[PDB]
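What follows is the content of protein_32.txt, which has compact mmCIF, N, CA and C atoms and all ligand atoms:
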```txt
# COMPACT_ATOMS: atom_id res chain seq x y z
N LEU C 1 15.62 -21.81 -0.82
CA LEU C 1 15.12 -21.11 -2.01
C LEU C 1 13.63 -21.36 -2.20
N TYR C 2 12.88 -20.28 -2.36
CA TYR C 2 11.43 -20.36 -2.48
C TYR C 2 10.98 -19.62 -3.73
N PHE C 3 9.96 -20.17 -4.38
CA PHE C 3 9.27 -19.51 -5.47
C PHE C 3 8.02 -18.86 -4.91
N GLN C 4 7.88 -17.56 -5.12
CA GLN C 4 6.75 -16.79 -4.61
C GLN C 4 6.46 -15.65 -5.58
N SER C 5 5.17 -15.39 -5.83
CA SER C 5 4.78 -14.28 -6.70
C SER C 5 4.74 -12.96 -5.93
N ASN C 6 3.87 -12.84 -4.94
CA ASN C 6 3.79 -11.65 -4.10
C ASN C 6 4.69 -11.86 -2.89
N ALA C 7 5.52 -10.87 -2.58
CA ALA C 7 6.58 -11.01 -1.58
C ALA C 7 6.11 -10.84 -0.13
N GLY C 8 4.83 -10.52 0.09
CA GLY C 8 4.32 -10.23 1.43
C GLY C 8 4.72 -11.21 2.51
N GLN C 9 5.10 -10.69 3.67
CA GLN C 9 5.50 -11.48 4.82
C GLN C 9 4.77 -10.92 6.03
N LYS C 10 4.39 -11.78 6.97
CA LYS C 10 3.62 -11.32 8.12
C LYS C 10 4.41 -10.36 9.01
N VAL C 11 3.75 -9.28 9.40
CA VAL C 11 4.32 -8.27 10.29
C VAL C 11 3.31 -7.98 11.39
N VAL C 12 3.82 -7.90 12.62
CA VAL C 12 3.02 -7.60 13.81
C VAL C 12 3.69 -6.47 14.58
N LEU C 13 2.95 -5.93 15.55
CA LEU C 13 3.48 -4.81 16.33
C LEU C 13 4.66 -5.22 17.22
N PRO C 14 5.62 -4.31 17.45
CA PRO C 14 6.77 -4.64 18.31
C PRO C 14 6.46 -4.52 19.80
N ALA C 15 5.39 -3.83 20.17
CA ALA C 15 4.98 -3.62 21.55
C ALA C 15 3.63 -2.94 21.50
N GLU C 16 2.91 -3.05 22.61
CA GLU C 16 1.64 -2.38 22.79
C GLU C 16 1.81 -1.24 23.79
N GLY C 17 1.12 -0.14 23.54
CA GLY C 17 1.15 0.99 24.44
C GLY C 17 0.79 2.27 23.71
N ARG C 18 1.07 3.39 24.36
CA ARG C 18 0.72 4.69 23.82
C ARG C 18 1.78 5.16 22.83
N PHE C 19 1.34 5.67 21.68
CA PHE C 19 2.27 6.18 20.68
C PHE C 19 2.66 7.58 21.12
N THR C 20 3.86 7.75 21.68
CA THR C 20 4.21 9.02 22.29
C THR C 20 5.14 9.87 21.46
N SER C 21 5.83 9.30 20.48
CA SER C 21 6.78 10.11 19.71
C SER C 21 6.97 9.49 18.34
N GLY C 22 6.68 10.25 17.30
CA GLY C 22 6.80 9.76 15.95
C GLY C 22 8.15 10.04 15.32
N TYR C 23 8.26 9.60 14.07
CA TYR C 23 9.47 9.77 13.28
C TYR C 23 9.52 11.18 12.74
N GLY C 24 10.63 11.88 12.95
CA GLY C 24 10.75 13.26 12.51
C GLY C 24 11.33 14.13 13.62
N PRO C 25 11.42 15.43 13.36
CA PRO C 25 12.05 16.33 14.35
C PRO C 25 11.21 16.48 15.61
N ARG C 26 11.91 16.60 16.73
CA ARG C 26 11.30 16.92 18.03
C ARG C 26 12.36 17.66 18.83
N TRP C 27 11.93 18.70 19.53
CA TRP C 27 12.82 19.54 20.32
C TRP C 27 14.11 19.88 19.58
N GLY C 28 14.02 20.11 18.27
CA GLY C 28 15.16 20.56 17.51
C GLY C 28 16.09 19.47 17.01
N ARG C 29 15.73 18.19 17.17
CA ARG C 29 16.61 17.09 16.80
C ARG C 29 15.80 15.97 16.16
N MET C 30 16.31 15.37 15.10
CA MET C 30 15.63 14.25 14.46
C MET C 30 15.44 13.05 15.39
N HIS C 31 14.22 12.50 15.39
CA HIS C 31 13.92 11.21 16.02
C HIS C 31 13.81 10.16 14.92
N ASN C 32 14.69 9.16 14.94
CA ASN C 32 14.81 8.22 13.84
C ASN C 32 13.98 6.96 14.01
N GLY C 33 12.96 6.98 14.85
CA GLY C 33 12.09 5.84 15.01
C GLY C 33 10.82 6.30 15.69
N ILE C 34 10.12 5.35 16.33
CA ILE C 34 8.93 5.67 17.11
C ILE C 34 9.10 5.18 18.53
N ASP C 35 8.40 5.86 19.44
CA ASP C 35 8.36 5.45 20.84
C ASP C 35 6.96 4.99 21.21
N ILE C 36 6.89 3.84 21.88
CA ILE C 36 5.65 3.22 22.35
C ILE C 36 5.79 3.05 23.86
N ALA C 37 4.93 3.71 24.63
CA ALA C 37 5.08 3.83 26.08
C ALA C 37 4.16 2.85 26.80
N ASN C 38 4.69 2.22 27.83
CA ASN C 38 3.96 1.27 28.68
C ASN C 38 4.87 1.00 29.88
N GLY C 39 4.43 0.16 30.82
CA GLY C 39 5.22 -0.05 32.02
C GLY C 39 6.48 -0.84 31.76
N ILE C 40 7.47 -0.64 32.63
CA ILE C 40 8.67 -1.47 32.60
C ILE C 40 8.25 -2.93 32.69
N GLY C 41 8.83 -3.76 31.83
CA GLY C 41 8.48 -5.16 31.79
C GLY C 41 7.55 -5.53 30.65
N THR C 42 6.94 -4.54 29.99
CA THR C 42 6.00 -4.84 28.92
C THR C 42 6.71 -5.66 27.84
N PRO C 43 6.12 -6.77 27.37
CA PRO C 43 6.82 -7.57 26.35
C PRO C 43 7.10 -6.81 25.07
N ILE C 44 8.28 -7.10 24.51
CA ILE C 44 8.72 -6.60 23.21
C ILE C 44 8.81 -7.79 22.28
N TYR C 45 8.32 -7.62 21.05
CA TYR C 45 8.19 -8.72 20.09
C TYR C 45 8.99 -8.46 18.82
N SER C 46 9.56 -9.52 18.24
CA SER C 46 10.07 -9.37 16.88
C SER C 46 8.90 -9.12 15.94
N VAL C 47 9.00 -8.10 15.07
CA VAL C 47 7.86 -7.76 14.23
C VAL C 47 7.65 -8.73 13.09
N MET C 48 8.67 -9.50 12.74
CA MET C 48 8.68 -10.37 11.58
C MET C 48 9.65 -11.50 11.90
N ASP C 49 9.49 -12.64 11.24
CA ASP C 49 10.49 -13.70 11.36
C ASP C 49 11.87 -13.12 11.08
N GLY C 50 12.89 -13.59 11.78
CA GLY C 50 14.23 -13.12 11.47
C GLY C 50 15.26 -13.73 12.40
N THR C 51 16.49 -13.21 12.31
CA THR C 51 17.64 -13.70 13.07
C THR C 51 18.21 -12.56 13.91
N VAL C 52 18.40 -12.82 15.20
CA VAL C 52 18.94 -11.77 16.08
C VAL C 52 20.39 -11.50 15.72
N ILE C 53 20.74 -10.22 15.51
CA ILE C 53 22.13 -9.84 15.24
C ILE C 53 22.75 -8.97 16.32
N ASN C 54 21.95 -8.45 17.26
CA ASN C 54 22.47 -7.69 18.39
C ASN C 54 21.57 -7.96 19.59
N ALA C 55 22.18 -8.02 20.77
CA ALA C 55 21.44 -8.16 22.01
C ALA C 55 22.44 -7.84 23.11
N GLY C 56 22.33 -6.67 23.72
CA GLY C 56 23.30 -6.27 24.71
C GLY C 56 23.24 -4.80 25.01
N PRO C 57 24.21 -4.32 25.78
CA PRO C 57 24.24 -2.89 26.12
C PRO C 57 24.60 -2.06 24.91
N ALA C 58 24.07 -0.85 24.90
CA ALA C 58 24.34 0.09 23.83
C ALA C 58 24.23 1.47 24.44
N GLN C 59 25.26 2.29 24.25
CA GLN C 59 25.24 3.63 24.80
C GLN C 59 24.04 4.41 24.26
N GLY C 60 23.44 5.19 25.10
CA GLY C 60 22.33 5.90 24.52
C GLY C 60 21.03 5.13 24.51
N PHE C 61 21.02 3.85 24.12
CA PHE C 61 19.81 3.04 24.23
C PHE C 61 19.70 2.33 25.57
N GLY C 62 20.78 2.27 26.36
CA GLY C 62 20.81 1.43 27.54
C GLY C 62 21.09 0.00 27.13
N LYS C 63 20.06 -0.69 26.69
CA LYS C 63 20.18 -2.01 26.08
C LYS C 63 19.35 -2.04 24.81
N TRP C 64 19.73 -2.91 23.88
CA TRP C 64 18.98 -3.03 22.65
C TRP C 64 19.02 -4.46 22.12
N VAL C 65 18.13 -4.72 21.17
CA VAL C 65 18.14 -5.90 20.32
C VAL C 65 18.00 -5.41 18.89
N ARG C 66 18.69 -6.08 17.95
CA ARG C 66 18.39 -5.90 16.52
C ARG C 66 18.11 -7.24 15.89
N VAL C 67 17.15 -7.27 14.99
CA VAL C 67 16.76 -8.48 14.27
C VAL C 67 16.91 -8.21 12.78
N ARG C 68 17.57 -9.13 12.09
CA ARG C 68 17.70 -9.05 10.64
C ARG C 68 16.67 -9.98 9.99
N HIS C 69 15.81 -9.41 9.16
CA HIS C 69 14.77 -10.17 8.47
C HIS C 69 15.31 -10.65 7.13
N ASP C 70 14.65 -11.67 6.57
CA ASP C 70 15.22 -12.34 5.40
C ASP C 70 15.25 -11.45 4.16
N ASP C 71 14.42 -10.40 4.10
CA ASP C 71 14.50 -9.47 2.98
C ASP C 71 15.60 -8.44 3.16
N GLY C 72 16.39 -8.54 4.24
CA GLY C 72 17.47 -7.61 4.50
C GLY C 72 17.11 -6.46 5.41
N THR C 73 15.83 -6.25 5.72
CA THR C 73 15.46 -5.19 6.64
C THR C 73 15.95 -5.54 8.03
N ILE C 74 16.48 -4.54 8.74
CA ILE C 74 16.83 -4.70 10.14
C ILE C 74 15.83 -3.91 10.97
N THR C 75 15.31 -4.52 12.03
CA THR C 75 14.52 -3.77 13.00
C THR C 75 15.27 -3.64 14.31
N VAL C 76 15.03 -2.52 14.99
CA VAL C 76 15.80 -2.10 16.16
C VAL C 76 14.85 -1.91 17.34
N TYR C 77 15.25 -2.45 18.50
CA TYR C 77 14.43 -2.44 19.71
C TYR C 77 15.31 -1.85 20.81
N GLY C 78 15.11 -0.56 21.12
CA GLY C 78 15.98 0.14 22.05
C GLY C 78 15.33 0.45 23.39
N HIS C 79 16.18 0.71 24.38
CA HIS C 79 15.75 1.03 25.74
C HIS C 79 15.11 -0.16 26.43
N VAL C 80 15.47 -1.38 26.04
CA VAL C 80 14.87 -2.55 26.68
C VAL C 80 15.43 -2.72 28.09
N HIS C 81 14.56 -3.19 29.00
CA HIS C 81 14.94 -3.49 30.37
C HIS C 81 15.80 -4.73 30.44
N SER C 82 15.51 -5.72 29.59
CA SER C 82 16.20 -7.00 29.54
C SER C 82 15.88 -7.59 28.19
N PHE C 83 16.63 -8.60 27.79
CA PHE C 83 16.32 -9.34 26.57
C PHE C 83 16.51 -10.82 26.85
N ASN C 84 15.77 -11.64 26.11
CA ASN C 84 15.76 -13.09 26.33
C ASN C 84 16.28 -13.86 25.13
N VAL C 85 16.92 -13.17 24.19
CA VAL C 85 17.46 -13.77 22.98
C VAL C 85 18.98 -13.69 22.99
N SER C 86 19.59 -14.48 22.11
CA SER C 86 21.03 -14.48 21.89
C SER C 86 21.30 -14.16 20.43
N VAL C 87 22.48 -13.59 20.16
CA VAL C 87 22.86 -13.33 18.77
C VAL C 87 22.92 -14.64 17.99
N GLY C 88 22.30 -14.67 16.81
CA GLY C 88 22.19 -15.86 15.99
C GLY C 88 20.88 -16.60 16.15
N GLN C 89 20.08 -16.26 17.16
CA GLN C 89 18.84 -16.97 17.41
C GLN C 89 17.80 -16.61 16.37
N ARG C 90 17.10 -17.62 15.86
CA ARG C 90 15.98 -17.43 14.95
C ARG C 90 14.71 -17.19 15.77
N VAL C 91 13.97 -16.14 15.40
CA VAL C 91 12.74 -15.78 16.08
C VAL C 91 11.60 -15.71 15.08
N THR C 92 10.38 -15.92 15.59
CA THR C 92 9.13 -15.91 14.83
C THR C 92 8.43 -14.57 15.04
N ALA C 93 7.71 -14.09 14.02
CA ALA C 93 6.90 -12.88 14.17
C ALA C 93 6.05 -12.96 15.44
N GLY C 94 6.14 -11.94 16.27
CA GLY C 94 5.36 -11.84 17.47
C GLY C 94 5.97 -12.49 18.70
N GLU C 95 7.00 -13.32 18.52
CA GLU C 95 7.69 -13.94 19.65
C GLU C 95 8.32 -12.88 20.54
N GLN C 96 8.26 -13.09 21.87
CA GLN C 96 8.85 -12.13 22.80
C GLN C 96 10.37 -12.24 22.78
N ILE C 97 11.03 -11.09 22.59
CA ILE C 97 12.48 -11.00 22.52
C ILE C 97 13.06 -10.14 23.63
N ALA C 98 12.24 -9.36 24.34
CA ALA C 98 12.77 -8.42 25.33
C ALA C 98 11.62 -7.94 26.21
N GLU C 99 11.97 -7.12 27.20
CA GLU C 99 11.01 -6.42 28.05
C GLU C 99 11.28 -4.93 27.95
N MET C 100 10.21 -4.12 27.98
CA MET C 100 10.32 -2.67 27.86
C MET C 100 11.06 -2.04 29.03
N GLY C 101 11.93 -1.07 28.72
CA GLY C 101 12.69 -0.34 29.73
C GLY C 101 12.50 1.16 29.61
N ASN C 102 13.61 1.89 29.76
CA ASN C 102 13.66 3.35 29.92
C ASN C 102 13.17 3.76 31.29
N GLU C 103 13.88 3.27 32.28
CA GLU C 103 13.54 3.45 33.68
C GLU C 103 14.27 4.68 34.23
N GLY C 104 13.65 5.35 35.21
CA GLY C 104 14.38 6.31 36.01
C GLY C 104 14.69 7.65 35.37
N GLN C 105 13.96 8.04 34.32
CA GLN C 105 14.23 9.27 33.59
C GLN C 105 12.99 10.14 33.50
N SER C 106 13.16 11.37 33.03
CA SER C 106 12.00 12.24 32.89
C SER C 106 11.05 11.76 31.79
N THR C 107 11.57 11.11 30.75
CA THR C 107 10.74 10.41 29.78
C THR C 107 10.38 9.05 30.35
N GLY C 108 9.09 8.70 30.32
CA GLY C 108 8.65 7.47 30.93
C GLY C 108 9.08 6.23 30.16
N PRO C 109 8.86 5.06 30.77
CA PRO C 109 9.26 3.79 30.13
C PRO C 109 8.64 3.64 28.74
N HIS C 110 9.45 3.16 27.80
CA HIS C 110 8.96 3.00 26.43
C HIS C 110 9.93 2.15 25.64
N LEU C 111 9.43 1.64 24.52
CA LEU C 111 10.26 1.05 23.48
C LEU C 111 10.58 2.12 22.44
N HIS C 112 11.85 2.17 22.02
CA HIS C 112 12.27 2.91 20.83
C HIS C 112 12.41 1.89 19.71
N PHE C 113 11.69 2.10 18.61
CA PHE C 113 11.64 1.13 17.51
C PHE C 113 12.06 1.78 16.21
N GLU C 114 12.96 1.13 15.49
CA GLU C 114 13.41 1.61 14.18
C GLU C 114 13.24 0.53 13.12
N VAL C 115 13.10 0.98 11.87
CA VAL C 115 13.04 0.11 10.70
C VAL C 115 14.10 0.57 9.71
N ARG C 116 14.95 -0.35 9.27
CA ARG C 116 16.07 -0.04 8.38
C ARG C 116 16.07 -0.99 7.18
N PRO C 117 15.38 -0.62 6.09
CA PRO C 117 15.42 -1.45 4.88
C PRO C 117 16.86 -1.64 4.42
N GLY C 118 17.19 -2.87 4.04
CA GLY C 118 18.54 -3.18 3.61
C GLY C 118 19.60 -3.01 4.68
N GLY C 119 19.18 -2.89 5.94
CA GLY C 119 20.12 -2.58 7.01
C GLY C 119 20.67 -1.17 7.00
N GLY C 120 20.12 -0.29 6.16
CA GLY C 120 20.67 1.03 5.97
C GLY C 120 19.98 2.09 6.79
N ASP C 121 19.62 3.18 6.13
CA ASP C 121 19.04 4.34 6.80
C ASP C 121 17.65 4.03 7.35
N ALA C 122 17.34 4.59 8.51
CA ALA C 122 16.03 4.43 9.10
C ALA C 122 14.94 5.12 8.28
N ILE C 123 13.73 4.56 8.36
CA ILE C 123 12.53 5.13 7.73
C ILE C 123 11.44 5.27 8.78
N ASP C 124 10.38 6.00 8.43
CA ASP C 124 9.24 6.13 9.34
C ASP C 124 8.61 4.76 9.59
N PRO C 125 8.63 4.26 10.83
CA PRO C 125 8.06 2.92 11.08
C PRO C 125 6.55 2.83 10.92
N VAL C 126 5.81 3.93 11.01
CA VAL C 126 4.35 3.81 11.11
C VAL C 126 3.75 3.24 9.83
N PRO C 127 4.06 3.77 8.64
CA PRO C 127 3.53 3.13 7.43
C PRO C 127 4.08 1.75 7.23
N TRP C 128 5.34 1.53 7.63
CA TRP C 128 5.93 0.20 7.48
C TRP C 128 5.16 -0.84 8.29
N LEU C 129 4.65 -0.46 9.48
CA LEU C 129 3.87 -1.37 10.31
C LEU C 129 2.40 -1.42 9.91
N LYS C 130 1.81 -0.29 9.54
CA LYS C 130 0.36 -0.16 9.49
C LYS C 130 -0.19 -0.06 8.08
N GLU C 131 0.67 0.02 7.06
CA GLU C 131 0.23 0.25 5.69
C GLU C 131 0.88 -0.79 4.76
N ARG C 132 0.69 -2.08 5.07
CA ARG C 132 1.24 -3.19 4.29
C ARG C 132 0.14 -3.91 3.51
N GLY C 133 0.57 -4.87 2.69
CA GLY C 133 -0.36 -5.73 2.00
C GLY C 133 -1.22 -5.02 0.98
ZN ZN C 201 12.72 6.99 20.40
```

Represent the structure from my file as structure tokens, please.
Ligand SMILES: [Zn+2]
Amino acid sequence: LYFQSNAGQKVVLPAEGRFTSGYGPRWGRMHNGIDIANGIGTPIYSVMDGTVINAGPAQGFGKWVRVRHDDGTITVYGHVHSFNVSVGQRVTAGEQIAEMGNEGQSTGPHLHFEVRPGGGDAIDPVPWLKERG
């Protein structure tokens, strides 16, 4: 239990690379996160301190990780090539949790990243990452 006036918590980028696909419709279908493109193997980071709640195969994502942050927000890391965390593991903002995947397809290697306040519906990640404090 902590006493704090302003609730701000440190947030960092989940991966570095080209911003190739934003939140919203594309090719007639909603995209519920953002895509950040770079080579296979590019490190993927937890954006905020939190606890890993998923790490494994997922249909459609190939492999994924999810991290639950202490304010209840869940962040999602999809299309990873591999992950180095276990469910229940505590991670620090910016710590490497996975490597970028999406290999062998017409869409190049990238991270798919989602933000889910309260663990619920996804929101546009860009203001959540870039418009804080
Ligand atoms: Zn995506």

Problem - Point-to-point distance from atom N of residue 9 of chain C to atom C of residue 42 of chain C, Å rounded to tenths - result: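 These two atoms are separated by 24.7 Å.
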
Problem - Protein and nucleic acid residues within 7 Å of ligand ZN 201 (chain C) (only N, CA and C atoms and all ligand atoms) as a list in words - result: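 If we count only N, CA and C atoms and all ligand atoms, the neighbours of ligand ZN 201 (chain C) turn out to be residues 21, 31, 32, 33, 34, 35, 36, 111, 112 and 113 of chain C.
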
Can you spit out the residues from that selection as a compact mmCIF listing (two decimals), in the coordinates of the input, using N, CA and C atoms?
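File produced: out38.txt:
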```txt
# COMPACT_ATOMS: atom_id res chain seq x y z
N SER C 21 5.83 9.30 20.48
CA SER C 21 6.78 10.11 19.71
C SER C 21 6.97 9.49 18.34
N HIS C 31 14.22 12.50 15.39
CA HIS C 31 13.92 11.21 16.02
C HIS C 31 13.81 10.16 14.92
N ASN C 32 14.69 9.16 14.94
CA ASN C 32 14.81 8.22 13.84
C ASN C 32 13.98 6.96 14.01
N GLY C 33 12.96 6.98 14.85
CA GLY C 33 12.09 5.84 15.01
C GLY C 33 10.82 6.30 15.69
N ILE C 34 10.12 5.35 16.33
CA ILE C 34 8.93 5.67 17.11
C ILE C 34 9.10 5.18 18.53
N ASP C 35 8.40 5.86 19.44
CA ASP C 35 8.36 5.45 20.84
C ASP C 35 6.96 4.99 21.21
N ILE C 36 6.89 3.84 21.88
CA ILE C 36 5.65 3.22 22.35
C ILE C 36 5.79 3.05 23.86
N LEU C 111 9.43 1.64 24.52
CA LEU C 111 10.26 1.05 23.48
C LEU C 111 10.58 2.12 22.44
N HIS C 112 11.85 2.17 22.02
CA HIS C 112 12.27 2.91 20.83
C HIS C 112 12.41 1.89 19.71
N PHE C 113 11.69 2.10 18.61
CA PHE C 113 11.64 1.13 17.51
C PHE C 113 12.06 1.78 16.21
```

Exercise for the section: Name the residues of chain C that come out as strand (DSSP E) in a backbone DSSP run; write them as number ranges by chain. Expected result: C: 18-21, 24-26, 29-31, 34-37, 43-45, 50-58, 62-68, 74-78, 80-83, 90-91, 96-100, 110-116

Practice task
Considering all atoms listed in the file, return as JSON, numbers by chain whatever protein or nucleic-acid residues lie within 7 Å of segment 48-65 of chain C, sequence-local ones (same chain, fewer than 3 positions apart) excluded.
Solution key: {"C": [9, 10, 11, 12, 45, 68, 69, 70, 75, 76, 77, 78, 79, 80, 81, 82, 83, 85, 86, 87, 88, 89, 90, 91, 92, 93, 94]}

Exercise for the section: In Å, rounded to a single decimal, give me how far atom CA of residue 101 of chain C is from atom CA of residue 41 of chain C. Expected result: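 Here the two named atoms are 6.7 Å from each other.
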
Exercise for the section: Point out the residue among C:30, C:44, C:74, C:37 with the least atom-to-atom distance to residue 14 of chain C, counting all atoms listed in the file. Expected result: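 Once distances to residue 14 of chain C are computed over all atoms listed in the file, the minimum belongs to C:44.
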
Exercise for the section: Using atom CA of residue 118 of chain C and atom N of residue 3 of chain C as the two end points, give the distance in Å to one decimal. Expected result: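 Interatomic distance here is 20.6 Å.
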
Exercise for the section: Find, counting all atoms listed in the file, the residue in C:47, C:71, C:98, C:2 that gets nearest to residue 119 of chain C. Expected result: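 So, comparing all the options, the nearest one is C:71.
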
Practice task
Counting only C-alpha atoms, figure out which residue out of C:97, C:73, C:126, C:110 gets nearest to residue 18 of chain C.
Solution key: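 Ranking C:97, C:73, C:126, C:110 by distance to residue 18 of chain C, first place goes to C:110.
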
Problem - Which of chain C DSSP labels alpha helix (DSSP H), written as a list in words - result: residues 125, 126, 127, 128, 129 and 130 of chain C

Restricting the output to N, CA and C atoms, write the selected residues as a compact mmCIF listing (two decimals), in the frame of the given file.
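Writing the result to part_27.txt gives the following:
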```
# COMPACT_ATOMS: atom_id res chain seq x y z
N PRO C 125 8.63 4.26 10.83
CA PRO C 125 8.06 2.92 11.08
C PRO C 125 6.55 2.83 10.92
N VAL C 126 5.81 3.93 11.01
CA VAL C 126 4.35 3.81 11.11
C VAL C 126 3.75 3.24 9.83
N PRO C 127 4.06 3.77 8.64
CA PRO C 127 3.53 3.13 7.43
C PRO C 127 4.08 1.75 7.23
N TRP C 128 5.34 1.53 7.63
CA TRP C 128 5.93 0.20 7.48
C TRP C 128 5.16 -0.84 8.29
N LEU C 129 4.65 -0.46 9.48
CA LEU C 129 3.87 -1.37 10.31
C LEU C 129 2.40 -1.42 9.91
N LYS C 130 1.81 -0.29 9.54
CA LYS C 130 0.36 -0.16 9.49
C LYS C 130 -0.19 -0.06 8.08
```

Practice task
Can you work out which one of C:16, C:67, C:23, C:5 has the shortest atom-to-atom distance to residue 128 of chain C, counting only C-alpha atoms?
Solution key: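 Answer, going by the shortest atom-to-atom distance: C:23.
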